[PDB]
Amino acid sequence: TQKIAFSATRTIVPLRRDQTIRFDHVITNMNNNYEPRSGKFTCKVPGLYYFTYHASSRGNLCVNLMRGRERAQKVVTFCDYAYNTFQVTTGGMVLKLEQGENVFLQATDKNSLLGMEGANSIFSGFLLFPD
């Protein structure tokens, strides 16, 4: 009965290229596999997971969705641009994960990311099937 699910928002400082994007405010964290201090989900139960985010922004934003166990690599990059305006963008991915593998979002030079009441950014994930 593996009940694994997290949702965390960001309330935080301008992000640097290659910096892990921390979502510091936990809404949900069943099984405690997301760590708000690091911004990383770490797989304890091998299986299939869905990851998803929604990011508020006031300019150009690209984010790398990362997977790995010490040296992570980008699976995909999502970009959504905005000229002198406010936007919300989204990305998602089904991933097979093994024990110890982390999943997280990583910043780029395109770093317009807002995290506030009234313009939230959220990172979520859940177990689909263990194995």
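One-based numbering along the sequence shown.
The entry shows an unbroken chain from residue 119 to residue 120, with no unmodelled residues of the deposited sequence in between. For the pair 91 to 99 and 38 to 46, the mean B factor over Cα atoms is greater in 38 to 46. Two stretches are in play, 106 to 114 and 119 to 127, and the higher mean C-alpha B-factor belongs to 106 to 114. Residue set 52, 84, 29, 57: peak C-alpha B-factor at 84 (per PDB entry). Sorting the modelled residues of the chain by their CA temperature factor places residue 72 in the highest third.
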